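The chain below stands alone and is given as structure tokens, in the form deposited in one PDB entry.
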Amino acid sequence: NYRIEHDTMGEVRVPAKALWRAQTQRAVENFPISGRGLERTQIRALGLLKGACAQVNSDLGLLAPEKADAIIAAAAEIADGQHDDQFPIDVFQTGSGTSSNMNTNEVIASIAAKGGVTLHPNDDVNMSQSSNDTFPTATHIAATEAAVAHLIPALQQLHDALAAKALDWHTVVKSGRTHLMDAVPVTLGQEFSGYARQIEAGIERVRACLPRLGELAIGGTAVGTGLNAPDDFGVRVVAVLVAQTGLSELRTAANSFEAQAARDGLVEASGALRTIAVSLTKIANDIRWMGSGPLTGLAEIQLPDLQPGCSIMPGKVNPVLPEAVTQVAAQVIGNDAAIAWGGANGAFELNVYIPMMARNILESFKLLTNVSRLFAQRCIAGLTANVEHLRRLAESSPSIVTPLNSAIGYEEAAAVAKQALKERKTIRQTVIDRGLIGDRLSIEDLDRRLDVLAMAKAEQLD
């Protein structure tokens, strides 16, 4: 069963029970590309914004209070998620998001009609607005909320898990590795202090993008001039959004033309997510290499077992959380390339890559948030160190000859490391055998300099 709806292009047959109308139905037929529509977070931001716009139009005496109350009530239902099934339009729609904007207007008009209030989707629900300021506004609201309320707390949780290991393993000595080769001693805690700093720097990177990510185009309307909107429409709508979201990062854009002709704030934010993906790849790769083997690998640490590793090789348990992290990082890198591509190709008064840029940035925020919490809770928290094996590794490195450089010189330390590795003998034995004990180096000096934990120079903790 179908019903007739109309727009300025003509009559359109719409499924009888759908709350959307003519323009949403045309967009359903024009863009069957990915088979996926807007996400819960996107629909929420659109509903929140539509309600705020109706409230301001009402306050300024431009829209009758009964009509504004119907929009506010319908928009609140949309924001809470009661009508996500009424947003069937593909992500790969017209680049301004006109179709999803009209989707919100039409669904509100249908909800209001069930309450006995007649609203025109353009004249009433879209009063003082354009898709060109509302769709990037709803995108930037969703991106700002994803950064502040979800990603930053998830990264803080991962940072705290890494920092707790850095403290726990502060004096657990092991051999450092540079170029994958035997280096001088480090502690496991020192390496984890490095990982924790990468995540802390990741939080700093997200926070540094917020002054421009939180800029909203609302009030600029069609081309940024604010035509058909009151001069204070933008600041009044943002006032409501800040009060209702608690997001102090939300503000009217510094320049109304830049805020619509470009989506540079999304490209900037993706760069921060991409740097986090780069940091997470290093952390996850080191952790699975430390857990490698056990018998054929490094066997430095034990990762918590999360599931049987293999359908054919029995007993084997795999580093599945570092694998999910490195695959998420690859996705964030890909999404980042798509966002920049869209960002660069605006023309004149409008960048028409917004639905695609919105899909990718919001997905990158989601993946990084979810995988960071799982990595912290299901992997980092439960790691255990193989203390004895790590100590043996530290002591086996021929590079432990290095602190003798000031006493015997680099060339003689290299002759010591050579005469030892070839004869499968210790650095200590070789130093004595080459008659190096004397004025330049006593026996007490040698054993003090060769102590692997002292060689790691771990900071003294109170």
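We call the rigid core the largest set of C-alpha positions that still match within 1.5 Å between the two forms. Position 1 is the first residue in the sequence shown; the rest follow in order.
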For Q86, record whether it is unmodelled in at least a third of the other compared entries of this protein.
-> no
Find out whether the coordinates of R440 are absent in at least a third of the other compared PDB entries of the same protein.
-> yes
Tell me which of 433-441 and 22-30 has the higher mean C-alpha B-factor in the deposited entry.
-> 433-441
For the stretches 298-306 and 111-119, which has the higher mean C-alpha B-factor as given in the deposited record?
-> 111-119
Among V173, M313, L227, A208, single out the one with the highest C-alpha B factor in the record, please.
-> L227
Quick tally, chain-level thirds of C-alpha B-factors: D286 sits in the lowest
Mind checking which third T98 falls in for C-alpha B-factor across the chain?
-> middle
Assigned third (lowest, middle, highest) for the C-alpha B factor of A394 | lowest
Sorting the chain's CA B-factors, does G220 end up in the lowest, middle or highest third?
-> highest
Would the CA B-factor of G346 place it in the lowest, middle or highest third of its chain?
-> middle
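The protein also exists as the form deposited in another entry; that form is not presented, and the subsequent description refers to it.
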Core-aligned C-alpha movement of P403 between the shown form and the other one reaching 2 Å | yes
Cα displacement of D433 between the shown form and the other one reaching 2 Å, rigid core superposed | yes
Rigid core fitted, then: does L60 show a CA shift of 2 angstroms or greater between the shown form and the other one?
-> no
Closer or farther in the other form: C-alpha pair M9, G224 (3 angstroms or more) | farther
With a difference of at least 3 Å, the CA distance of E300 and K425 in the other form shows the atoms closer
